[PDB]
Each structure stands twice: as structure tokens, then as C-alpha cells.
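Quick setup: the C-alpha cells below cover two forms of a single protein chain, split into structure 1 and structure 2.
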Structure 1
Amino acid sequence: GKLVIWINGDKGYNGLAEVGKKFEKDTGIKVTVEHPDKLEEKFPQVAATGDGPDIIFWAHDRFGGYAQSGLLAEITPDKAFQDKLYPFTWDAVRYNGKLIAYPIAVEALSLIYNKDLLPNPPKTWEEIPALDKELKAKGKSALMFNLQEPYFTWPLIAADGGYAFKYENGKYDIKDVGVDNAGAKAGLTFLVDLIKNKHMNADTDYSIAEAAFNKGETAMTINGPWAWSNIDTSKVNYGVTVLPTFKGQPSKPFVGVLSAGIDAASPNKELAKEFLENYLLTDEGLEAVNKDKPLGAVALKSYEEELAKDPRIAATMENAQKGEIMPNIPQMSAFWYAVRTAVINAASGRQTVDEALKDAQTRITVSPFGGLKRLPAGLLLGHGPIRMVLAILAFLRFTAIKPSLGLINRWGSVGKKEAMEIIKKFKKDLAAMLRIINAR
């Protein structure tokens, strides 16, 4: 028995490793926490393969897609444990009447400002152009945040009416997509204008923004509670407040519930549930993670009634209420990827705001059709890379269809040692398919 944990690199993974080493002292079970990049994308590729984690930590929005593929184990908490966490966090990890993860903490973006460079932060977005010009004369800048991840750009886009999927009477409408309406265009136009008027740089990312704010070079940034730890060390005199309003409407950040899912085929399910229920989601467990990087508003009632007395957590909750909970439907991946493309292309000038958001809408409504419209041209006649050629040969053998002579000539000419190892990998792929189903 052993536990392998995956968590994002901006969260307190060292603190989590301490509760894991607490677990090991008590149980003798090894616990390993890793922070791979794009782990939310890697998980469906490694689930049920033995190459993945027993426990995956990410915002709740990605877990519905995992569940629809049958990759997440359904959790079975006791009523007593169920009541230890806030009902709002349990709903974030519910998908088709089943719980598919343990909710950990509520995270929401907030405005972080340098009190020495700006004692009175702007209440509206429109104050920032005039405010940037004034600080630029003093060798500073008004605002810097990560423009290349749509999580950070969305609060302004949704402010005046942008939305992902329309939500009417308890269900999401996967075909009513609102990334291309008037309010979305209004917010994204304003953001591009800031870049054209040299108030922001379109290439700015997370590290540049956070380094700039912690170096006292920018007055404001937009970030979540995890950022507070490094501002503390940097001794920047900072505050956390509500995001500026746009066209009088408040900014509407997408609210994330950090959640821990278990691989449906993991041999260590009961060890995973025990670690999550009895070690991490306790006062001491979450305090260990919180000390490394702040979790935000935790789902555990006892600890959150103490956390709620910090004005930074109060600001997070207030920004969180102005926003909305992220959907957990599988189409969210298409939503994020399309919106990431649109905001970067508009900010860099490769498309207009109207061209960028329309394409973003077409991706979303067309993505449920899958990554493949039709086998690559000439594949069933033997044209293509050998790995894809062996895949289609395996397919035709599975279906008892006689392959073309072009395929058979490719089948005869491929190297013995290379074709064998490729086809052994195919067997490892089917081995995973078997485990996913047997875990149902």
C-alpha cells in the first residue's frame, strides 16, 4: 500500500507533504505528493494505468469530465463527516447525484494593491487608465496580472453580462453559450484598449506579474489566496479588497472549490479515503497546508469559523459572492480552451474582439463532436506515421475487416523491434480500458 498525490504547483504542496508524513508515522504507508504541470490534462491520460496518482487535487470544474469517463471513484462519507463541511462545497463535487471528490477550500480572485503606492485603490475599472498614467510618471505601473490564463480575465468579461452556459431552473444549457454577447464584447474590448494604450502588456504571465508586485514595481495585481504567502515574505505592505466594477457592475469571478478526487481503479482507495477524511480534512491537516500557502475559505466548518476573521478571507468571500460557482459539466474544458484562445488573440492583435469571441463560441458548441471528424486522408490506404498505421491495423483486426494492400505493405515493411514495442503499448492501453470498466 502507498499513496501518490497530485496537486497544483501554486498550492501548498509542502504543507500537504507534512500531513502525508504524519500519515506515514501513524500507518507506515508511504505518501508522495507531486506537482506536475498540466496535471489536470495528464490525469485522464494516466488514470487506471498505474502511472497516475491515487489522489488528484484540482478545482472542482474539471472533475465532471473525469466522472463522465468513469475515472473517479465515488466517495461514501458518513453523515457525521458530511456535516463537517459546508453544504455549498459538497454541491461543487456532486455530479449526476453522486459525489465524486472531497471539497477542500473555496478560492476566489481578489484585487491585491500596494498600500504604499496606492492607499485608496480604484473602485472602478475605468479609473485605471488615468491612474496608470499617473504612476508611470513616478516609475511605477497601476496593474499587472496574468493575461494568458482566462481564469484571471473572466471577472471583467462576465461583469457586464458574459457567461459560460446559461443556467435555468437547475440545469445547464450546453447550447446556449454566452461568450459572444454584448457584455462579453464590452469587457474584452476594454481590456484590449488598456493594452493598446500601453497600460498593460499582452505578453504578461503569472511569474512576471507576481514578481513585479512583490518588487514594488506595480500598484495592483489580481490573484487568489495562494499568493498571500509570498507577498508576506516580500514585506510589501499590501491589502486585499474587492475587484473594481465595470460599467457600474461588479466583477464576477468564477469561483473554484479545490477538491480531491480518487482514481476509480486505484488499489489504494480505502487508504485514500482515510487520508482525506481523517488526516487532511481536519483542523490540523488544513492548517498545515494553509501555513505554506493559504487555501482560502476552507470547507471545514470548525477551521473556517476561525479563518473568517481575517479581512483577506472576508474580501475573498465578498468577491466570491459577486461571482458564480463554476459549472462542473465536461464541456468546461472546451469553454476554457476556447476563451483562452480568444483573449490571447484579441490582446495580441491577431483578431478583433468580435472575431475572437465568435470563434470561441463555435469551438464550445462544436467541441462535443470530438477531436476527430474523419480518419486522416489516405490512412486506410497506408499513408501516415507508422504508429497511427499500426493503430488502424489493430482496429481492422478487431472488427475483422480486410485491410487495403497499402496497409499490408506498411505492415510488411515496419521494423520488427519498433512495431512490437508500439503494439505492446497498445496492449497497455487496453489493460487500462479493462480496469476502468471493472471499477464500475
Structure 2
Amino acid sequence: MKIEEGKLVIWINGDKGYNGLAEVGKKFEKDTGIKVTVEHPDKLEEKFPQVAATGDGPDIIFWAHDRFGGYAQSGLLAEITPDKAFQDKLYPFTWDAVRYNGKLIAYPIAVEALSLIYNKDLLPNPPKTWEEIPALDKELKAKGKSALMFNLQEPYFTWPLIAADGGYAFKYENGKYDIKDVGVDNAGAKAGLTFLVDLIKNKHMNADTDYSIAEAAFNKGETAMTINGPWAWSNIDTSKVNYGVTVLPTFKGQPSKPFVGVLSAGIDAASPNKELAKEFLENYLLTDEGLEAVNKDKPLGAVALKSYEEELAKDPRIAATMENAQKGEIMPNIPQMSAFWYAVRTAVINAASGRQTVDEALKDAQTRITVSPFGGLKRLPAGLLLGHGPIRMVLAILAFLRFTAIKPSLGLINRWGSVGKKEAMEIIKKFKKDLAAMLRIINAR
């Protein structure tokens, strides 16, 4: 939504406790008279880099830390410099997750990892291994039930199994990720995705199953197990299903390795409410009371705030969450992560639907990820400098030529003379908007 000075607009995912966040925003307005609006737009992580620094986006964006590296590379995030006093209140490993090229670029909020969730009434002792689940499903099927439903549309949920036997995103040693060494192709990844695919083939799961379908099934008591994060516990509580939260099953004796996200709050680089945002984040949200308000709505997991984390550590569900976290890996925050997640999402969906073989799917994913950094434009359109092409491109290259004090061709200046007054004026105004965004990003540094 359109940002004004003297107000705060926040984006969070629709699965997070946005209503509880709205409540701490209410206390903020009570004290400051500054209105806080919380929104949960669809595809906000894709949306943000598109509207950032223009004024059409939020002042504050919430998301797992993995996407913030790409934002920062674009310069879309304000640098966070909290006082050492505040920085001490949060676990250091959580600040690590939001540090990019020597700069802190967001506030860590909570650590989230997937767990195995099970119906204690249907399944008193959940399976310790993935390999046991087919026999278990056959057993539950005879009673009109299902062994396991979790959404297969999002790579976040299937990745833990794919990584169990040796799959990895980017090779990590010391403090660096090797963008040339991707592990989506290897034997471990294939074995993990193959087991998943066989699950579907043998009718133990359906390839179409998404978040909504899996949640409803578990919450209605139709399935004995699901895989989900702390945010899901609220709805399960409401359905009164007697459930347990535990360690994910092993694959080939090895733990499922979930990617660990740190839910983090970023401040838009061009925001005129930067001081406002930092006050809200530091002094209202990242407190025992602010976190409890959000956690009350939808559980955060293990909060980054030492004070409240120790208080919530007692909960067995959170201990299970943290146990899975230790067995998994903190997500890298590098820009290539976007390419990784996109390529792997395609591979899992294609393999699961029998659309491609496992080997075909993963080879494609690996190639797509390995080559992504080498992308970008390499040549201008053949006749752009001659004045050939869409009017938008032509006015853009004329702008380029003027910026660099270089004389345009005759074919190009003819287009400039021939363009309609209304057409050129709308196209340019957009350019003005782009230039203004660029200046705001540089100025915020």
C-alpha cells in the first residue's frame, strides 16, 4: 500500500500471526499516535523487489532471512545498526542470518524449522524412519485413514527429505558459499526425491496435495501425520485434535535436514519512516509482550529474544522444533537462493507428477541454478540504436544516449519526433519514477 510519512505499513505472510502483530501495532499508535497497518499480500516476497523504494511497497517487510540477500544486493533494505545494548538481547546466530556483506539488513524475530506432527489418537508412537511409512499407511488405510499428508507444492517441505542423504544447495566451507558448487544433482538428492516419488506412485500420497488440503485433513483427523512449522499449531489447537510435535523421520538412517529460516523484519531503504520503524521493531515488537502478542495468534517458534525464548523453551513443541533445527541447516541468504528455490520447485513438481523422471528433473534444476549467475543481458536488440523496436525501448536508449552525452542516429531521432505526445510522456514519467527510486536507494546507504 502507498506509504505516507507519519505511518507504518507492514507486510507479512498470510500464515503468520498478522493479527497479533496488528495488536502490538495498536499499542504503538496508542503511545505515539502513529498508525500501523499490517497487510498479507499474496506473493509478497516476489512483489517487494518490484515496488521497493518507489513508495508503493511497505515500510517493513517480514520474511525468512533467505530472501533478504537478494534485496540487499539491489540495495532495497535499510542498514540496521542497533546499539550493542539491544544487539545483546538477541541470540548472535540470529544476527548472523541477517548479515550480508558486513551489514545487518534486518531484525531477526524467530527461528522456524519444520517438524513431524502426529495424531496421538491415531498414532501413539509415530514412525522414526521414512522407510516405515508405506507399511504404516497400508495399516491406516484399512481403517479409513491416511499415514501422511503434507504439501508437495512448496520445496521448503520436500527439501528436508531431499537433503537427508546428501543433497545441498550451495557448498559451504569457512564463511563462504560456493556458487559454482550446487548439490541438487547428486546421488543423495536423487535418492531422497526418488523415495518421495515412489510414495506417490504407490498411492501413499497424492502429488496434488498442497498446504490447505494437508492442513484440513490433519485437523479433521483424516490423516495421522503432517509436516509443518510452529505457525500451524494454532489451528490444530482449535480442532482439538490430540497431537504431538516431534523429530522428522530419518532416511537411510540419516536425519531429515530442514532448511532453517529466521523470520526477520526488513526496513525499506527509501522509507521516510525509518526512525519510526526501528522504534516499533526494537521497543515494541522485540519485547516479551510484543512477541507474546504475535505468538498468541500464531506461534513463532523459537524467538530470537533471549528473554522470551527461555520462557518458552519449556514447551515440548518448541524443543522438538529446535531439535529439528539442529539437525537441519540455517538457510544461506545469498541472492542465488531465489534461483535455487525456483529451480527445485519445478523439479519436485515435475518428478512427483510423473512429468519427468527424477534424474531428468534434478539435472535440469542443477543446470538452471549453476548458470543463473552468468545470466543478464549481453547484447542490445539488433536495431535498437538504429531506431528499431518497441517505443518503450527506443525512448529508453534515447535516455541512455542523453545520459552519456552521446549523439543518437537519424533513425532514432526520427522516432523521437514521430512519437505521440501522450505516449512518450507516460513512458518517460515511468522512467522518472525509476530514476527517483535509484537515487533514493543510493542515498540511504
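Rigid core (definition): largest C-alpha set, two forms, superposition within 1.5 Å. Numbers follow structure 1, counted from its first residue as 1.
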property: Degrees turned by the smaller rigid part between structure 1 and structure 2; result: 15
property: Rigid core superposed, the C-alpha shift at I392 between structure 1 and structure 2 in Å; result: 6.3
property: Displacement in Å of the C-alpha of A377 between structure 1 and structure 2, rigid core kept as reference; result: 8.4
property: Distance the CA of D429 travels between structure 1 and structure 2 [rigid core superposed, Å]; result: 2.9
